[PDB]
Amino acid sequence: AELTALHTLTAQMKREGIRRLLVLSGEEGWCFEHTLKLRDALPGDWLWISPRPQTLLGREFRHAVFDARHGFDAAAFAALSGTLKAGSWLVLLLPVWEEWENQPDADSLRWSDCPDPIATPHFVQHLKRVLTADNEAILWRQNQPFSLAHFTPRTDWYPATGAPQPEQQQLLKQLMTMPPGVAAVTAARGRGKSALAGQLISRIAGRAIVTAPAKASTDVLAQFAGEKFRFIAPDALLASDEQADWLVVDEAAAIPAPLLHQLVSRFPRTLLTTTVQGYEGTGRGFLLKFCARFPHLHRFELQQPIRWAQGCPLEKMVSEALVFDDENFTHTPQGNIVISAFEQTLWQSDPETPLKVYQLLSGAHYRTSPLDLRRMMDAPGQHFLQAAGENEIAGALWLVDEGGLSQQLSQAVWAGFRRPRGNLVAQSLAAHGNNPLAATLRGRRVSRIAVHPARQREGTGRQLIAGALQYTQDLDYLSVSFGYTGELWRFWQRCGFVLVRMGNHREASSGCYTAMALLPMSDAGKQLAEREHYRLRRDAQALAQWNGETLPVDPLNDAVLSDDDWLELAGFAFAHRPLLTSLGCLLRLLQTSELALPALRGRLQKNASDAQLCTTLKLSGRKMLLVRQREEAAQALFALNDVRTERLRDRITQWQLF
C-alpha cells in the first residue's frame, strides 16, 4: 500500500534528479522494523550512519539511514546528505515525537562541555518547524495516520558525464583567456569547484601546481587533472623553488593569508576555490574580507549542484535545519545601530532574532559548522548581544560563562596536575599565568564577535563590548582568545582589553600565535590583568626571540628573579608547568645560575633540537628530555637557595588532587 506508493515516488525522484527526507519517529523497535521493510522494497546501498567516539571519500550511495534515536550529530547528518545519489532517500530515525525535545542527546557530549548528555529542545523545536512548514519531507510517525503526499513533478534531470557542465565550461573559458592574475571560484559544496580546477589543469598547455591546507579530498581534483596532477603542501611549496604556469589552490581560505599572498606572487596565474558555508565551509562575510586582500581579484561563482537538481528538497531541508543560508551579507543594514542583549531562551519564543544573529556570526568566521549552532542553541552559559539596524542585524556578540573553579582545582590546573574542559580562558589564566587562583575568578569569554562588513569601522564592534559591560554584573572580567595580528589586537586594545598572554604555537589555519586579553571589571580581575601584563612585559624579549615576532608591549629586560619567578620555576621543576609557559623565567634562571644545565641551555640558549639533545644527553626521547629539564631546574634552584626551594616544592607538591 504505503511501500508501493513509496516505490513509485522513488522512480519519480530519481527521474527528477532529486533526493528526499523520510522521517521515522516512534519506538526504537518500530523504527528499525521500518528500515528493514524500506530497504528490501527500495533496493540500494542503504549506508547506515550512527554515533560513537568515513565514507565521504569520493563515495556516493543510493539510499541511507541516519540513526538519531539517541543523538543527533548535525555535521554527520549534513555530510551524509551531500553524498546521496539522485533518487535517494535519507531515512532519519528519531525518538518518539512527543518525547524528542526532552530526550538527552548522546552527541551533545562533543560540544556541550558538560559531563553527561543534555537535552537540546531549542534544536528540536527548530527541526520540527522546518520539518512541518511544508510537505517536502515525509513524516512517518508511529500510531499516526500515514499517507504519502503527491508532489507536482519537475523536469527530467540527467547526470554529468565527465565533460564540464555549462557553468563549468563557461568559467573554464574565462579562466583560460584572463591575463596574468588571480581568480577565485566560490560556491556551496557539490557545485563542481574541485573538478573545475582539475578540468582547468587538464586543458592548459602548461604545468600547474596544486596546494591545499589539509589535503582536503584533492581526489576529485586529481581525477579531472589526470596525469597532470602535482601536489605540494603549502609550506613545502613556499620553501621550494618550483614553478608552474598556474598555481591552483582549493579551500584557499583555510590557508594562512600571509603564506598564500606570498605563494601567489610567484605564479603568473592563480586559481582559488573555497566552499561557502555548510559543514566545514567558510563564511561569506569572511570570504569578502579574504578576497579583498587580493587586488584585482577576479571573482567567479558556481550555482548549479552537479550530482542533483537545483531545488532538491533534501538539500533545502538540511540548509534550513542547520542554517546554511547567508543572503544577509547581500543587503546593507540601514540607519542608527541599536544595541540590546538577549538570552538563549529567545530561541523558544522568538527564534528569528537568534537565527539572524547566528547567520552573521557564522558568516563572519573562516569555518562554518553546525556544531556552533548546536552550541548556541542548547549549551548552557551562552549569552548574546546584538547590534540592529532598521531591518537587519549589523553586529552580534556571543559570550560564554567561565571560571568559578574551586581554589583546589585552580591550583591543580596551575600546576598542570589536572586539565578538564570548558572554561578555556579561565583555566588558561591559571595554567599559563602566575596566579594559582586565577581560575577561581568569574568572567565571560568572547566566543565570537561580528559586525556586518558594510557596517564595520563605525564603532558598533566597540559598542557591542560596551553593551556586554552594561548589561551584566557580578563578574571579574571579560576575556578573549584570538589569533594575533596588530589590527585585531588594536581593536581589542580600544575596547579596553589588556594583553596577558602570547602563545608559542602558530594556529594551523590562520598561521597566527594565540593571544589572550582581559577587560577587568573587579579589583581582583584588574589585578590579575595588570599582574599578568607586567609578567608578559618581562617575558617579551624571550617570547619575541622564540616566536620570531615582537610582542606589542614595552619590554622589561630586567633579568632578576622575582618571587613570582620562583613560584613558576618551582611549578616547572616539581610539577607540570609546560616548558614554553616557563620560557621567560627559565631564561632568567639560566642567566643567573652557574650550573651547566645542558638540556635547558641547549634548548633555550643554543637552538639545539629535542632529538639532538636526547642523543648528546643519551635520553630515550622527548618525555625523558622534559623530565631531565625539570630536574635541571630543580638543581639550579637548590644551588641558589636550598630552603626556599624545599618550601616551594612542599607547597606545590600538595596541590596534586587524588
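For every residue, the number given is its place in the sequence shown, counted from 1.
Colleague: Count, per the entry, the deposited residues between residue 53 and residue 54 that are not modelled, and return the matching class: none, 1 to 3, 4 to 9, or 10 or more.
Modeller: Unresolved stretch here: 10 or more residues.
Colleague: Hey, which bit's got the bigger mean C-alpha B factor in the entry, 372-380 or 147-155?
Modeller: Averaged over C-alpha atoms, the B-factors run higher in 147-155.
Colleague: Between 167-175 and 86-94, name whichever shows the higher mean Cα B factor according to the PDB entry.
Modeller: Taking the mean C-alpha B-factor of 167-175 and of 86-94, the larger value falls to 167-175.
Colleague: Going by the CA temperature factor in the entry, name the top one among 556, 437, 255, 79.
Modeller: The C-alpha B-factor peaks, among 556, 437, 255, 79, at 556.
Colleague: Quiz for you: based on the deposited Cα B-factor, which of 226, 192, 511, 467 is highest?
Modeller: Spelled out: the listed residue with the top C-alpha B-factor is 226.
Colleague: Quick check for you: using the entry's CA B-factors within this chain, is residue 25 in the lowest, middle or highest third?
Modeller: Middle third, going by the recorded CA B-factors of the chain.
Colleague: Split into thirds by Cα B-factor across the chain's modelled residues, where does residue 447 land: lowest, middle or highest?
Modeller: Its C-alpha B-factor, which the entry lists for residue 447, ranks in the lowest third among residues of this chain.
Colleague: Could you tell me which third, lowest, middle or highest, the C-alpha B-factor of residue 406 occupies within its chain?
Modeller: Lowest third - that is where residue 406 ends up once the chain's C-alpha B-factors are sorted.
Colleague: Would you mind checking where the Cα B-factor of residue 581 ranks among the modelled residues of its chain, as the lowest, middle or highest third?
Modeller: As the PDB entry reports it, the C-alpha B-factor of residue 581 lands in the lowest third of its chain.
Colleague: Name the third of the chain's ranked CA B-factors that contains residue 528, choosing lowest, middle or highest.
Modeller: Lowest third of the chain for residue 528's C-alpha B-factor.
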